[PDB]
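Trainee: Before I ask anything, let me first share the structure, which is written out below as structure tokens.
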Amino acid sequence: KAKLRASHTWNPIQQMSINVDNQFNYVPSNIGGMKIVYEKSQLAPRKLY
Amino acid sequence: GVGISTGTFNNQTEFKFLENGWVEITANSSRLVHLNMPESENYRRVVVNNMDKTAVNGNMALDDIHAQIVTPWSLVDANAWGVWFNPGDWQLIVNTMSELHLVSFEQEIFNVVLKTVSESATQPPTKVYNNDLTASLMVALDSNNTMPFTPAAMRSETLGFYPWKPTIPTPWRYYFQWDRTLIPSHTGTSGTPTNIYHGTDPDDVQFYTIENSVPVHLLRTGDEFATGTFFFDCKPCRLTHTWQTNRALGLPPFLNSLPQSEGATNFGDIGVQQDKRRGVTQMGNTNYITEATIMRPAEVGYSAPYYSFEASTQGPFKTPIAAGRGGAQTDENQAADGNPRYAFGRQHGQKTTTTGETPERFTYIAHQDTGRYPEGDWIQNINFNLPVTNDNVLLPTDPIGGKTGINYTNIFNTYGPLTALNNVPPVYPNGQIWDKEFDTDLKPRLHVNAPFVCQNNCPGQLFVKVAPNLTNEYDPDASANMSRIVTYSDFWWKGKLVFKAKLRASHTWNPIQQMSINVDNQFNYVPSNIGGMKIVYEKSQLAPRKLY
Amino acid sequence: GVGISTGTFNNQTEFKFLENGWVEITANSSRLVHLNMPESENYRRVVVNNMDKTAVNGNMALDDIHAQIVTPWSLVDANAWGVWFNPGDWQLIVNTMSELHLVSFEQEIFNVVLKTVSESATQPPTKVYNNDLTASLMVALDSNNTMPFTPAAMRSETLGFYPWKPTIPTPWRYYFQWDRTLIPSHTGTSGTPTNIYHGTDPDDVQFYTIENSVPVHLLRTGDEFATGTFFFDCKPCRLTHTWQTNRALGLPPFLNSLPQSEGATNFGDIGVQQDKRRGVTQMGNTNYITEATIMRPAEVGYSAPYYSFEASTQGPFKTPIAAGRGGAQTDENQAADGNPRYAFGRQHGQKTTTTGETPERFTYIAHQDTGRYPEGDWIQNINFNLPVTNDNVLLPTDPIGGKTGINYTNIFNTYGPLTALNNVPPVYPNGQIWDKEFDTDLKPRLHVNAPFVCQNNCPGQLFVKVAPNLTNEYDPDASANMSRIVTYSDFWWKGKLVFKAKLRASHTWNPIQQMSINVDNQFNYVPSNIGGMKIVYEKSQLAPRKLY
């Protein structure tokens, strides 16, 4: 069960995104080699107090 | 009343999730508008003739001759992305929604104030500001859309983009018919090409006044004004880009040989002679079936003449294109046609604290691959004998008209009954949101300036003006100029735009492209020690969508 | 309206006795708040770097480097005891109640006034004050507690403590993420320890604006504003102190010999050999049962590292402790860690008529005996051979790390599953009343700055600001600074705090410690011939309570 996030700052947040450097970690090789690079999970900030 | 506020400030954008992944975005925007009395209290019919500049052969594109009506009214325009969303909100929309629907619009004027500048021409000449309690602000909402439509965003003249910075409306003016003739030439064109401003076709004449057409409201401090809610009529806006070219449609060729080893050079291979393959083509006289040759269902994108100026009744004008290029080949350096360029000020993105009057600018390179590399184009004689022979090919390299800097691609047009294209993507924050359709029998399939065109009905424009604050002396029959008390007004403007969006769903194994802050852009989203602010533009159809 | 007051002054605290010894205290506080336009109308992102000061080896604790956002808004904070009760009321609570419950809070803004200073730069340059009748005060109540929580009491920046003295709000500012590295050193540390301000982690960035987050209210003279009633969620506060140490828990030893005569030296005597007594201990290898040795059920208080600075992502910080010491051994001279120190001004206790800018201060020595005399501590080898031998003991006297001014007590920690402690007592009048819990997975068992922490819900902060009073000249695209009419506002603030208390009952033969005026403190509760006022701090858990 998840809850959707809401923006609260003027500035954007840190999001996970594919890019020219990681791109090939998400698709097979000509050999069919596969890999599953690890990722981070609490990317956005929250105020503590 | 006098000591009573008539409104509330609200610049909060609410996101309210419904059922089945539909959100209802309601953008609240509030500003303090500052307004001065008019230069004059008259309608002026003015012509702009820069003949001198076009007088130089080879400078036709520098043409600015036009006629316009100058009015004593100001336009309150809030149709630009930056007025309603901040970098924060844009990230939310753009990274998580897949389509946008513009639903409605409302705006209201409150907490009106009128003051009069009194100068006590002293040693150090002084001036006292006093409240004119019985003075009036004049408001006119052209809801029947009588007046000619003038989107202030094509001039970077919208309300400003920051809720804690007061703003101002623009002086309203509109085009008045004129007739002008300009013959193109070039550097070293013997003579002086005709360059004539003929004047006005009487049957094309339309002088409009606000006073005669819209009901005018006088608001005093105690008053307030509110437009009601207007609903738009518009097809939804997609928040995704397409990437498939004619070259990537349908079933790829079956590879009879597959790489055995990993390696950037370990390719697979179709195993069949290009002249011995099965499949369909539209080259009735050839047995070659290649990826450039095999049949595709229609064509994605089209070729159009580039840096093409056309001419009608009023001077030359640039031929518009639905999409430019950029990617593998175009960056700022691989500069082309079709990509829009935005110039603007401190109120709309140029760094606040920056000194200097050069506009801030940017060329927008979308993400949908629907354009062209004219350099890769070629025409070739129907016999199709292959290593084609210099005179059975027309290359972007051979000159047309004997001009060495012109090739057939500049005059080329491949638009036709199989053309498939997409409407224009949103440009945050400088782009216009909605546009009025042309009241033309046949209409344009798109508008290159707004993703939303309202057909049957658009919100009308809002005009404002300080009413005349006369002095004791006033003689209407004097050929002079009416003397007025120096008055100005400050009022609060509150607008409300509602959207409907749908949430995106992952469909691939691999992640998507998302907007994110990072060590290189970070400082573009926070103030300076000086309080300098800036609003860097962003892209909007970041995620891919399959075309077919 | 213009000639109509919109509110009432009320600074009366009512005590309403219910049934079964429950009182319902309702504290009314009213002040006249004075407010000026902002330095700027912008949000500013500023860094504070006193590198120069830390540049001296041995001065790390003098670190002040931080980044913060400076906002054009002011904060109205009334969370300090002194805002709601006077010395008189405090005596009543503290001498006769045994527990306090914070129930609710309400505040409202009325009788708003805005004036504009006009200077008639004359010989003796003059200035006229005039009322700006249509001007507005801007009020924002962050009830969803969006903005970061900034209790003005940790800076002695609350409303003032006297109902007949006008006050002012504080400029609101909040911390902005930064990265800094500082290596400790000492007098004569060869070299220059790294002392670096690295900058901002982009993923830790959060720029907040009031305008984009809270609904803003414009109030003109005729207007008024009122927060509604907020109910807090908080465990009760005890008004009694405990005095029992591990040493005083349970059944004392039965004395086989009792004094026969009165006399400060006529002691009674256990009659049994310490190694021949019955009872329980946790010293499995010993037959000695003494009062230092016999088993107690848990431990009252704990030992924590002292004058311990810890370091994380943003610089060093002092390790906090739940209770200090004082009593038999500590007074001002027997100075220790854990006791809070308060510094403040004329608005919060420093004598009014006193000239000079040194803050007024005080170190609070509570009354609950739950702390430690580190000097009485000792570690001793498990063999327990008794007149312990210098190398089977670690005394607060032996040096650690070869430093002669450091002993194991400074790095010591005896907190564990048997620790029993009490929350912090109230500090009248400079102490904060309530505090916001940390939005952390695991929370702190207490807060050393307020006896009341509201968990699930706290009242939101109140922000105020003079709206921009522009002049005739205003150009939003100028890189200059907006020119405004010198405006200021005075408004009345009325707040209402309700408590629930329970009345105390005598349970001992002997009287209790009560707060009382006397020939030595008397003059601290009345004005000077000059009208000088002062507000000496007081203690709150005067009566004892049994722990077990």
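Along the chain as shown, the residues are counted starting at 1.
Recorded method is X-ray crystallography, 3.0 Å.
Placed from the backbone N, Cα and C atoms, the Cβ positions cover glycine too.
The feature Mg(2+) binding site is assigned by Swiss-Prot to B:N144, with similarity to another entry given as support. Residues or ranges marked as disulfide bond by Swiss-Prot on the basis of similarity to another entry: B:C454-B:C458.
Can you tell me where each of these features sits in this structure?
Mentor: Reduced to three states, the DSSP call for B:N144 (Mg(2+) binding site) is coil. Shown in sequence order, B:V214, B:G460 are the residues of the chain, 6+ apart in sequence, with a C-beta less than 8 angstroms from the C-beta of B:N144 (Mg(2+) binding site).
Applying an 8 A CB threshold to same-chain residues 6+ apart, the list for B:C454 (disulfide bond) reads B:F232, B:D233, B:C234, B:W434, B:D435, B:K436, B:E437.
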Trainee: Looking only at DSSP and grouping its letters into three states, which state does B:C458 (disulfide bond) belong to?
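Mentor: The three-state answer is coil.
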Trainee: Would you mind listing, in sequence order, the residues at least six apart from B:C458 (disulfide bond) in the same chain with a Cβ closer than 8 Å to its Cβ?
Mentor: B:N145, B:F149, B:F230, B:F232, B:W434, B:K436
